[PDB]
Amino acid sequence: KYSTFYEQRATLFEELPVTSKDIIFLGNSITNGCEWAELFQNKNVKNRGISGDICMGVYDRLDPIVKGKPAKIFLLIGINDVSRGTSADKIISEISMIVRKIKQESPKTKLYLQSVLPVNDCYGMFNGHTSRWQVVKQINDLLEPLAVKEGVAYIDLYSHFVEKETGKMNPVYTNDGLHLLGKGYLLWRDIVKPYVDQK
């Protein structure tokens, strides 16, 4: 069904309680990679990232997050569905399933849909991901209208990470064309801190 690493993380998350004060970062490797409470100097921020995760993988593990009725969920997902050849509209339909379930199970949770980050094939790594760099904007052009339809926030990380001239991630933020260096996380911190702190 899913990877052994997914099972390790998911079974750990089943043992860690979520409370009404928690601010959850939910996603794939790009979420897994950070120390979120340290980045925000906020003990209420928690990591629910799993390297390799896909939209259906996130859907399938919502229960141990939404049952705690967290204050906030920041979602960043879809780039591993891109590497499977799934079209943008199909990915957005799956993200709609996630948003609908969070709203139904925990209506007081503030949900923030984060733009899929750009990617770059310059490093010749993750070719399934980085060769489909044009799908990122395709997703984001449909994700912003989804947010507006469902009454949830859309956060444009993408415009801060992209190079205008290429449509690809600025190499200053990555060593592989997909994941973030520390500088990358500091930029994400600067963009989303006002939303993390908002009442």
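Numbers for residues come from their place in the sequence shown, where the first is 1.
Higher mean CA B-factor, judged across 32 to 40 and 143 to 151 from the recorded values: 143 to 151. Between 112 to 120 and 88 to 96, the higher mean Cα B-factor belongs to 88 to 96. Across the residues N47, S159, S131, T174, the deposited record lists the maximum Cα B factor for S131. In the deposited entry, the Cα temperature factor of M169 places it in the lowest third of its chain's modelled residues. When the CA B factors of the chain's modelled residues are split into thirds, the value for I102 lands in the highest one. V18: CA B factor lies in the highest third for its chain, per the PDB record.
In the PDB entry, a CA B factor belonging to the highest third of its chain's modelled residues is recorded for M56.
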